[PDB]
Ligand SMILES: Cc1cc(=O)nc(CCn2cc(-c3ccc4c(c3)OCCO4)nn2)[nH]1
Ligand SMILES: Cc1cc(=O)nc(CCn2cc(-c3ccc4c(c3)OCCO4)nn2)[nH]1
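Chains as they are written, first to last, in the authors' numbering: chain A, 23 to 215; chain A', 23 to 215. A prime marks a further copy of an entry chain.
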C-alpha cells in the first residue's frame, strides 16, 4: 500500500506541471523514495500509473453519485439535477491534472478508453432512468427518447467541463459552467415539444 | 493544382481505411502518381496534408453557414436552428474520415488545434448573435448569458456529432442525432427560467 500510494501521489503532483510523456519512471521512483526496479514491481509503465489514478477519480465520482441516487429525491427538480451535475464538477474539478491526462490517454490506451466508456454508459443509463421516472410521475413531458436525450446531455457535460477545466478556447468560464449545464439539462428535460 | 488535388484525394481515400500514422508518404505519392521527392515539393509531411484536408472541410461548413446566415430567417424557429445544425451534420458527416483524423490531430498539432478553435469561436459568436436577436424580438426569454449558452450548445454538437460519426460507445445513433441536438437547442434557447 505505502509505496503504491506514494507512486500515485507523486504522479498526480507531477501531472500538475507537465504531461505524462515529460514524466519519467525515475521521477516517479525518486518522488516515491524507491528505486527504478522497485517501481516496476508495483507498475509496468507510467501509463499503468495514470490508469490507476483515473480509476480512483472515476470511482470517487461514481460512489458520490451512488450516495445521492439512493437518497430521497430533492423535491425541487432544478436542485435535484444541479446536485448531481455538481458531483462531476467537484470531483473532476478537484483532480484537473488527472482529468486532463486521462482524457488525452483515451486516444492511446484501450484500457483508459474502456474505463471512460463503461462509466459514461452507467451515468447515461442512470440519467435516462431518472428522466423516465419524471415522465411516469407526470413531472416531465414525453418528448425525445430518454436514453438519446441522456446521451447528448452527458456528452455535453463531458466536453464542456473538460474545456472549462483546461481553460480551452472556446470554453465556458469555470465559475459559470454549472449554471450553464443545469439550465440546458432542466429546459431540455422539462421543456414541451 | 492537379498533383496537389491528387495527393489530397489519395489521403482522404486512405484515411477511410487506416489512421494517418499507418499511411506513408510513399502511399500518398504512389496514389497521386508522383515520386516521394515530388510529394515533398507540395507538402512537408503527411501531417501537412491532413491540415489542408481539414481546412477544406471546415471552410466548406463555414461557407454553407454563411450562405444560410445571410438569407432571410426561417419564420419557424425550430426549422431555423435545424437547418443550421444540419450544415455541420451533412458537411462533417460527408467527410467522416477527415473529421476523425482531424479531431485526433488536435492533440498533436497546434495548427489543427488553432484551426478548430478559430472556427468554433466564429460559430459560437454567430449562435450567440442569433440568440440575442431572438431575445430583442421578444421571441426568446432573457435567461443565461447568450455567449455561455452558445458555447455549451456548440461543444455539445462537437462531441455528440463526433461520437455519432465514429460510432463510439456511448453515442446517439447517426439517424437520431439531428433531432436530439435540435430539441436541446430549441428548449434551452426558448425555455423560460
Ligand atoms: C431513482 C431516483 C429517482 C429520482 O427521481 N431521484 C433519485 C434521487 C435523486 N438523484 C438524482 C441524482 C442525479 C441527478 C443528476 C445527475 C445524476 C444523478 O447523474 C448524472 C448527472 O446528472 N442522483 N440522485 N433517485
Ligand atoms: C442574422 C440572422 C438573424 C436571424 O435571426 N436569422 C438569420 C438567418 C437564419 N440563420 C440561422 C442560421 C443558423 C442557425 C443555426 C446555427 C447556425 C446558423 O450556426 C451554428 C449552428 O447553429 N443561419 N442562418 N440571420
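C-beta atoms are modelled at their ideal positions from N, C-alpha and C, and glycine is treated no differently.
Does the beta carbon of residue i sit closer than 8 Å to a beta carbon anywhere in chain A'?
i	result
residue 213/A	yes
residue 73/A	no
residue 29/A	no
residue 170/A	yes
residue 209/A	yes
residue 205/A	yes
residue 69/A	no
residue 202/A	yes
residue 180/A	yes
residue 88/A	no
residue 173/A	yes
residue 66/A	no
residue 194/A	yes
residue 102/A	no
residue 123/A	no
residue 185/A	yes
residue 142/A	yes
residue 58/A	no
residue 165/A	yes
Please list, in chain order, all residues of the same chain as residue i whose beta carbon is under 6 Å from its beta carbon, the five residues on each side excluded.
i	result
residue 123/A	37, 42 and 72
residue 28/A'	54
residue 117/A	79
Along the chain, where does the alpha helix (DSSP H) containing residue i start, and where does it finish?
i	result
residue 97/A'	Looking at the DSSP string, residue 97/A' is not in any alpha helix (DSSP H), and its letter there is neither H nor E.
residue 199/A	196-212
residue 59/A	58-64
residue 34/A'	24-37
residue 40/A'	Looking at the DSSP string, residue 40/A' is not in any alpha helix (DSSP H), and its letter there is neither H nor E.
Residue i CB to nearest chain A CB: under 8 Å?
i	result
residue 133/A'	no
residue 146/A'	yes
residue 80/A'	no
residue 177/A'	yes
residue 139/A'	yes
residue 113/A'	no
residue 126/A'	yes
residue 231/A'	It is not possible to answer for residue 231/A', since the shown part of chain A' is limited to 23 through 215.
residue 198/A'	yes
Run through DSSP, which three-state label would residue i get?
i	result
residue 160/A	coil
residue 78/A	helix
residue 46/A	coil
residue 129/A	coil
residue 108/A'	helix
residue 67/A	coil
residue 179/A'	helix
residue 188/A	coil
residue 116/A	coil
residue 55/A'	coil
residue 92/A	coil
residue 87/A'	helix
residue 73/A'	helix
residue 173/A	helix
residue 140/A	helix
residue 149/A'	helix
residue 165/A	coil
Excluding the five sequence neighbours on either side, which residues of its own chain have a C-beta within less than 8 Å of the C-beta of residue i, listed in chain order?
i	result
residue 216/A'	Look at the range of chain A' in this structure, 23 to 215, and you will see that residue 216/A' is not part of it.
residue 157/A	163, 164 and 168
residue 128/A	134, 135 and 138
residue 207/A	103, 107 and 175
In chain order, what residues of the same chain lie with their CB nearer than 7 Å to the CB of residue i, ignoring the 5 residues before and after it?
i	result
residue 212/A	99 and 162
residue 214/A'	163
residue 26/A	64
residue 120/A'	34, 37, 75, 76 and 79
residue 57/A'	51
residue 110/A'	83, 179 and 183
residue 172/A	146, 149, 150 and 153
Any heavy atom of ligand 3 closer than 7 Å to the Cβ of residue i?
i	result
residue 171/A	The model depicted lacks ligand 3 and carries ligand 1 and ligand 2 instead.
* Between the segment 43-56 of chain A' and the segment 80-93 of chain A', are three or more C-beta pairs nearer than 8 Å? -> no
With three or more beta-carbon pairs closer than 8 Å as the criterion, would you say the segment 162-179 of chain A' touches the segment 139-154 of chain A'?
Contact holds: three or more Cβ-Cβ distances are below 8 Å.
#### Entry: the segment 132-139 of chain A' / the segment 86-105 of chain A' touching (three or more Cβ pairs under 8 Å)
no
Between the segment 155-165 of chain A' and the segment 178-193 of chain A', are three or more C-beta pairs nearer than 8 Å? no
(message) Pairs of beta-carbons, one from the segment 198-214 of chain A' and one from the segment 193-204 of chain A, closer than 8 Å: are there three or more?
(response) no
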